[PDB]
Amino acid sequence: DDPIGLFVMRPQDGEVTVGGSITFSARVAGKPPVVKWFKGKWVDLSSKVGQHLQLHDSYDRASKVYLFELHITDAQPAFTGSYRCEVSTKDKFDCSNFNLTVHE
Amino acid sequence: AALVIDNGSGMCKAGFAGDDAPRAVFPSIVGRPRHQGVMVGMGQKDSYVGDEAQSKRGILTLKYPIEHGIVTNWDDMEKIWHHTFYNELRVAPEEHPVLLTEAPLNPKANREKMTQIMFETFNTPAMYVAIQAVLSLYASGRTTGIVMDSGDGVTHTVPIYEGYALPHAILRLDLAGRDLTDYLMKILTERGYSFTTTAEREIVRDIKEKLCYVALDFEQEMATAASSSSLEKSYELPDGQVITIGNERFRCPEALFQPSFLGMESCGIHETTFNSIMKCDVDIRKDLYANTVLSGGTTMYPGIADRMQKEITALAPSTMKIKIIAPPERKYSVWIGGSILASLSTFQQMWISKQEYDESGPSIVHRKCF
Amino acid sequence: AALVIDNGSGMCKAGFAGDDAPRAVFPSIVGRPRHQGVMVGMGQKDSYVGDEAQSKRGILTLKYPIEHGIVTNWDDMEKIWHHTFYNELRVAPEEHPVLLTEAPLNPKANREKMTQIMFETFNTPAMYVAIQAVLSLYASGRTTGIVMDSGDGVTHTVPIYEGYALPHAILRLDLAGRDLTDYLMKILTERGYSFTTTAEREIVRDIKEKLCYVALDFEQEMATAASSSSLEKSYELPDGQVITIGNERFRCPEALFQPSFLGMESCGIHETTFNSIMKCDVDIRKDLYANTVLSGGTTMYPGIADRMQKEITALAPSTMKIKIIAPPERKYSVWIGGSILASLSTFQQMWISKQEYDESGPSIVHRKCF
Amino acid sequence: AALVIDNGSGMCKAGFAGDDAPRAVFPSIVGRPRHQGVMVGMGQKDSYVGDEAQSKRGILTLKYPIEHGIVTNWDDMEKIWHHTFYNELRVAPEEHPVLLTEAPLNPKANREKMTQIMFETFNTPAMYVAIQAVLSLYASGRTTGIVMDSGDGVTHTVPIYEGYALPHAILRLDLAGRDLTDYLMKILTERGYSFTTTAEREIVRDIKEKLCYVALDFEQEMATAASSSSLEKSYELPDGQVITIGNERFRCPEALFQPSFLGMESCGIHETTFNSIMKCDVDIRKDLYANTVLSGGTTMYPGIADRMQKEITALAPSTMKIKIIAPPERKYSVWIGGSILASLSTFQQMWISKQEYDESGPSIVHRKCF
């Protein structure tokens, strides 16, 4: 298939009930990698951080791997759509796609 | 058409463009239940917004959505806007474009997110972000002058000559009425009265609004305050206690004039205005001095213009007469400028549109406007 | 009637034949908005011409259409001409022939294009290009002599005998009132006052026109300038700021006499007048010295004639007595020569017709007139 | 041969003539206690001068003795000089003549007072006032050329041919490194970071010295600034707070090239250098372009010479190749000229004696030297 990027694990599609919590995560194998999260093709999730959306970054020393997490709580209709995860490397850029759905 | 919202500290003023008075005036405070409880017969009412909060002020812990022209929490602001559009305006956001007024040299993030929420949260065909000094100039009805913009949040200076702005000449000042309120509460403690609560914080501000007046000369009144008789007045509080204030009330507004009491090296409002004029071109300086306009929440007190007039006349050359115009209802002047600004046909073409936002992105705000 | 317009650096003179004082005098400047303006209610007016520019001078970036007697941009000139015929004059180009005045040894393109714009952009049956030295001679009322022409643009000398011309004998001098203004601004900087703006450039020129006067001797007053009591005067700017000058004001006119201050190899006005006379034959020299005529913008200051008379008498042969005539209002004398020149019936036959331009071309200007 | 002092903005460099590195480098700033102290056991040190001020920077209010090449307070300067002769140089002013470096077309009061303080405040048998452009000319080892002298304080251009000078051709530029720092602080505010204090003013300058660099082309990097990644860097303040900048850092140096951001009509450094050359004779123009010399505090950033080379090559005639020499340690090059100038035998005769000042007076400076 396509060339290998910096995502060891690509984000996975998820389903969430009303008032629930949903977490999406991506692993990067190794300056530390920079991660951007998007709604649609050009909408930045980072500018949307607040009560309903949080970003968490962590590092695992043993495997030289960075864990990036997206935290969604008290999800509402407005958040339904397509989300794109972009992670950059020291010399490369990579892209992945996933969907968030919240009904009722 | 335009819906006009003045986002100033403490009060949220909303209305319709072209109108001479805003439809909705309420505090911009959001109150939450500080104390936990278990009672049967309450809907709990976790979030309180508007004047309702003022009534239920003691239990509720007030939080200001906007600090120093910067919004700490975006969804609180949405509640404020939701409250303004439906509770008193009784109109739909869909019906008209919305005009928002923002202070000079404000951070990039505030304009981009504010437009982003307006395009996404409330669907409007177009929106525009305007600067408060320009709007005040239109309320004034004059094509040239120097504008003193001092709202509850931050004091700004923006000189103008026959239109055609001078960005370098625009200076931002860290002095404000809200700051005076903090100075005032700090000054009360030495006397023997202490207020450390947000709810009672407003009360000293209230005292300042009607019991405070501008001294023609600070040093002379302060000197005669030793033997005060007519300088002291009695104020009534919800607290159940009576407060008598003297030289303390007029020295609070003074800090705008004398930043030293606050603890800042920056010069006072009269010196800063002079500095703004010095920055400007020599040819346009002459009508700048006689065209000075005062606006905002803390410019309400009588005698401000009288003290400014002599101080500006003293520091400035005597070759030209110094006239300062400070008409009543100047508090709502910023809002008024917004309503007049949106009214003209040329302006409507200029509004940032939803189609443009989605196609190009948030970065277009700087590109389209100042 | 006829229309006479003076064009060529700093000012545009517009008027009617039959009048010794023109209807419209304004600077030849075009103002554009240097700073973009973000406001509502302005017509924007992206183009200012004339005295309006003078009022809105600080914001506008002034540009001179004419540099060193040469026009950099042709459409700016068209706006100026349009402005003179339509606004102040209130006349139609169709109604009368139009007279234009031009200095000697000026480049071909200025005569050809200027006629071309008059023939094409402003349709007229005929037009003529006249030279300042010949018109001054007619004003004088003498058919033989040598004319020293120094005014706006470039100083020129053109001797004539009984109507016959001597092209070799004609001398061009790179001195002008405008040049003095540049000298003056340059001299002000050493004293600690700096003007680098076109708008304030005029202000020093204004100073020079009434404050500056001609000393009997440059060296003695400059020497006595060490302790200046009455040599210093206070001038009031539109700004309201105060400027005091001393030996500085009288040394400005001096530069025409002493170009070394300007930084140019070429000799002063008295040496150049002498050089022009030397080129001419000895037989005609005798009435050349007694018939010297001074006219132009920079010849305004009193005592110029007295200094020139003594310097010319000293340097020149003592064979003949030296007489110089310099009457008041010499600044507009060149324009006056034009208005009178158009008045004569004989002159009307002589104008360069539109039909002739189209049939033969721009190159016939030299052919028709010397 | 004696002592050389560089009095540029921000830093005061002092040392001994004939040395390739000065003995004392410290800021010119004087710090005073902003707040009244409430402590017992302090000498209450009212005035702090030098690097001591840098250590105690937060409480102290820093005032610059020199503004735009002009000293606002004369006694502060005396403390600076007293500090330089005794604290680091450890020599007596009486022992050797003192050489001070002054920029061209500097105001008259600065030369007369500077000499007056040196003759009266400190005892010295002789002193001389030198011009930076000529000193750099000797340092470079060339008799003919054009010198671009830009110090931390002020930028000047002075062309020279075989020992002869052209005052008209000498132009003073209002651009300086200190100005860039002010532009920079002004630019930071829109991003959400605000600095209005003198103490933290230096911190942005520190950022500029290593973080800032010069782009081959301003417009292309700014265009790619939208998607910044490598453009933004993190700077550490004394406080521990973190500042991140992007296109903001390289645009600041640009204003030298493009003054329009500052808000001034006058053209940038490449246009001004060109203007100086145009004034000069065509014959001497050919080696002026290839002999351009850059010196001073603000010429430090890499790529300045490369950007200047194409811009000068583009605007200037192609009749001769354009060569620019920009050696390392250019900041201290001006100082070097002062030390070398003192060294020549001819120069010592030229020093203005203490005896001559007392008899003839302060006005002899123009008489005695250029």
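Residue numbers (the working numbering), protein chains in the order written: chain D, 1 to 104; chain L, 1 to 370; chain B, 1 to 370; chain F, 1 to 370. Idealized CB from N, CA, C, for every residue including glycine.
Exercise for the section: Mark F26 (chain B) as exposed unless 16 or more other C-beta atoms lie within 10 angstroms of its C-beta, in which case mark it buried. Expected result: As a first step, residue 26 (chain B) is located in the third sequence; it is residue number 26 there, counting from the start. Buried, by the Cβ-count rule.
Practice task
Look at the Cβ atom of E88 (chain F), then the Cβ atom of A24 (chain F), and state whether they are nearer than 7 Å.
Solution key: Taking the fourth sequence and counting its residues from 1, one reaches residue 88 (chain F) at position 88. Taking the fourth sequence and counting its residues from 1, one reaches residue 24 (chain F) at position 24. The answer is yes: Cβ separation under 7 Å.
Exercise for the section: May I ask which residues mark the beginning and end of the beta strand (DSSP E) holding residue 376 (chain L)? Expected result: As displayed, chain L neither begins before 1 nor continues past 370, which places residue 376 (chain L) out of reach and without an answer.
Practice task
Tell me, please, whether the CB atom of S230 (chain L) is closer than 7 Å to any CB atom in chain F?
Solution key: For the purposes of this step, residue 230 (chain L) is taken as the residue at position 230 of the second sequence. No, no contact with chain F.
Practice task
Can you tell me which of the three DSSP states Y64 (chain F) falls into?
Solution key: The residue you call residue 64 (chain F) lines up with position 64 of the fourth sequence. Here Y64 (chain F) sits in coil by DSSP.
Handout entry: CB of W351 (chain F) within 7 Å of CB of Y128 (chain F), strictly
Key = Residue mapping note: residue 351 (chain F) aligns to position 351 of the fourth sequence, counting from 1. Residue mapping note: residue 128 (chain F) aligns to position 128 of the fourth sequence, counting from 1. Taking 7 Å as the Cβ cut-off, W351 (chain F) and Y128 (chain F) qualify as a contacting pair.
Practice task
Determine, using beta carbons only, whether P93 (chain B) and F122 (chain B) come nearer to each other than 7 Å.
Solution key: Stepping through the third sequence from its first residue, residue 93 (chain B) is reached at position 93. Stepping through the third sequence from its first residue, residue 122 (chain B) is reached at position 122. Yes, they are a contact pair.
Exercise for the section: Please specify which runs of the beta strand (DSSP E), each continuous and at least 3 residues long, are wholly inside the stretch 273 to 357 of chain F, giving them in chain order. Expected result: 292 to 295
Exercise for the section: Compare the C-beta of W81 (chain L) against all C-beta atoms of chain D and say whether one is closer than 7 Å. Expected result: The residue given as residue 81 (chain L) occupies position 81 in the second sequence. So, not an interface residue.
Handout entry: Reduced DSSP category for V204 (chain F) - H, G, I as helix; E, B as strand; rest coil
Key = To locate residue 204 (chain F), count along the fourth sequence from 1; it is residue 204. In the structure shown, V204 (chain F) sits in a helix (DSSP, three-state: H, G or I).
Handout entry: Residues in the stretch 198 to 227 of chain F having any Cβ partner in chain L nearer than 8 Å
Key = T198, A226
Handout entry: Among L:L344, L:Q348, L:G297, L:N291, the one whose alpha carbon lies nearest that of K323 (chain L)
Key = Position 323 of the second sequence, counted from the first residue, corresponds to residue 323 (chain L). The residue with the shortest Cα to Cα distance from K323 (chain L) is L:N291.
Handout entry: Identity of the residue in B:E202, B:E112, B:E236 nearest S360 (chain B) by Cα
Key = To locate residue 360 (chain B), count along the third sequence from 1; it is residue 360. The option with the nearest alpha carbon to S360 (chain B) is B:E112.
Handout entry: chain L contact for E67 (chain F) (CB, 7 Å cutoff)
Key = Position 67 of the fourth sequence, counted from the first residue, corresponds to residue 67 (chain F). By this cut-off, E67 (chain F) is not an interface position.
Practice task
Return the chain-ordered list of same chain residues with a C-beta closer than 7 Å to the C-beta of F98 (chain D), the five sequence neighbours on each side being excluded.
Solution key: Here residue 98 (chain D) refers to the residue found at position 98 when the first sequence is read from its first residue. Contacts found: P11, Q12, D13, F24, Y83, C85.
Problem - Residues of the stretch 334 to 349 of chain L whose Cβ lies closer than 7 Å to any Cβ of chain B, in chain order - result: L341, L344, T346, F347
Handout entry: Validate contact between the stretch 191 to 210 of chain F and the stretch 241 to 258 of chain F using beta carbons, cut 8 Å, 3 pairs
Key = yes
Handout entry: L166 (chain F) in three-state terms, based on DSSP
Key = If you number the fourth sequence from 1, residue 166 (chain F) lands on position 166. Coil.
Problem - Within chain L, partners of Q51 (chain D) - CB distance below 9 Å - result: Residue numbering aside, residue 51 (chain D) sits at position 51 when the first sequence is read from its first letter. Within chain L, the residues near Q51 (chain D) are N73, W74, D75.
Handout entry: Neighbourhood of residue 376 (chain L) by C-beta, 8 Å cutoff - its chain only, sequence neighbours within 5 removed
Key = One cannot answer for residue 376 (chain L) here, as it falls past the ends of chain L, which runs 1 to 370.
Problem - DSSP state of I131 (chain L) mapped onto helix, strand, coil - result: Within the second sequence, residue 131 (chain L) is the residue found at index 131, counting from 1. Correct three-state label for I131 (chain L): strand.
Practice task
Can you give me the start and stop residues for the beta strand (DSSP E) that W37 (chain D) sits inside?
Solution key: Within the first sequence, the letter at position 37 stands for residue 37 (chain D). From DSSP, the beta strand (DSSP E) with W37 (chain D) extends over 34 to 39.
Problem - Beta carbon proximity, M185 (chain B) to chain L, threshold 7 Å - result: The count along the third sequence starts at 1 and reaches residue 185 (chain B) at position 185. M185 (chain B) does not count as touching chain L.
Practice task
Measure from the C-beta of residue 372 (chain F) to each C-beta in chain L and report whether the shortest distance is under 7 Å.
Solution key: The shown model of chain F, from 1 to 370, leaves out residue 372 (chain F), and the question about it has no answer.
Problem - Exposed unless 16 or more other CB atoms sit within 10 angstroms - verdict on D179 (chain F) - result: Indexing the fourth sequence from 1 puts residue 179 (chain F) at position 179. Classification for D179 (chain F): buried.
Handout entry: First through last residue of the alpha helix (DSSP H) which encompasses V365 (chain L)
Key = In the second sequence, residue 365 (chain L) corresponds to position 365, counting from 1. That run of the alpha helix (DSSP H) goes 364 to 368.
Handout entry: Reduced DSSP secondary structure (H/G/I, E/B, other) of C12 (chain F)
Key = For the purposes of this step, residue 12 (chain F) is taken as the residue at position 12 of the fourth sequence. In the structure shown, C12 (chain F) sits in a strand (DSSP, three-state: E or B).
Practice task
Compare the C-alpha of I170 (chain B) against each of B:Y138, B:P33, B:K279, B:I70 and name the closest.
Solution key: On the third sequence, residue 170 (chain B) is found 170 positions in, with the first residue counted as 1. Looking at the Cα atoms, B:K279 is the closest of the given residues.
Handout entry: Buried or exposed by the 16-neighbour rule on C-beta atoms within 10 Å, applied to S228 (chain L)
Key = Taking the first residue of the second sequence as position 1, residue 228 (chain L) is located at position 228. Flag for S228 (chain L) reads exposed.
Exercise for the section: Check the Cβ-Cβ distances between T196 (chain B) and every residue of chain F, and say whether any is below 7 Å. Expected result: Along the third sequence, read from residue 1 onward, the residue named residue 196 (chain B) stands at position 196. For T196 (chain B), the answer is yes, since a Cβ of chain F falls inside 7 Å of its Cβ.
Handout entry: Three CB pairs or more closer than 8 Å across the stretch 262 to 269 of chain B and the stretch 161 to 177 of chain B
Key = yes
Exercise for the section: Determine, using beta carbons only, whether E102 (chain L) comes closer than 7 Å to chain F. Expected result: Locating residue 102 (chain L) in the second sequence gives position 102, where the first residue counts as 1. By this cut-off, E102 (chain L) is not an interface position.
Practice task
Taking only beta-carbon positions, decide if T292 (chain L) is within less than 7 Å of chain B.
Solution key: Mapped onto the second sequence, residue 292 (chain L) falls at position 292. No, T292 (chain L) does not count as interfacial toward chain B.
Problem - Coarse secondary structure for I269 (chain L), derived from DSSP in three states - result: The residue you call residue 269 (chain L) lines up with position 269 of the second sequence. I269 (chain L) falls in the helix class under three-state DSSP.
Practice task
Check the Cβ of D174 (chain L) against every Cβ in chain B and list those closer than 8 Å, keeping chain order.
Solution key: Taking the second sequence and counting its residues from 1, the one referred to as residue 174 (chain L) is at position 174. Per Cβ cutoff of 8 Å: no residues; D174 (chain L) is ~25 Å from chain B at best.
Practice task
Report all residues from its chain with a CB closer than 7 Å to the CB of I340 (chain F); omit the five preceding and five following residues, and keep chain order.
Solution key: As a first step, residue 340 (chain F) must be located in the fourth sequence, where it is residue number 340. These residues qualify, in order along the chain: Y138, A139.
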